[PDB]
């Protein structure tokens, strides 16, 4: 599935920000607008025994050009909360369920 970082009007949002995938399905996060952006999974808000480090960016890492992507595949089922670190307070957060 594809997920925009930033809406086409420059809003600080994931598009879409809530979605479900099947296990081992890849997510392509693409830098669209209002970057730099990143994608961090909340270590306290993912399925038990998942290593966040394996599925996220560092808080200190950035995508800073139009069309940079980050891709991940999730296999444990459950809900995964993520955010963009610099824009978290703007409300650039999301949630995926692996079902």
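Residue numbers count along the first chain shown, from 1.
Taking the PDB entry as given, 19 to 27 carries the higher mean Cα B factor of the two stretches 19 to 27 and 85 to 93. Mean CA temperature factor is higher for 73 to 81 when stretches 73 to 81 and 6 to 14 are set side by side in the entry. Among the modelled residues of its chain, residue 61 has a C-alpha B-factor that falls in the lowest third, as given in the PDB entry. Residue 52 sits in the middle third of its chain by CA B factor, as recorded in the PDB entry.
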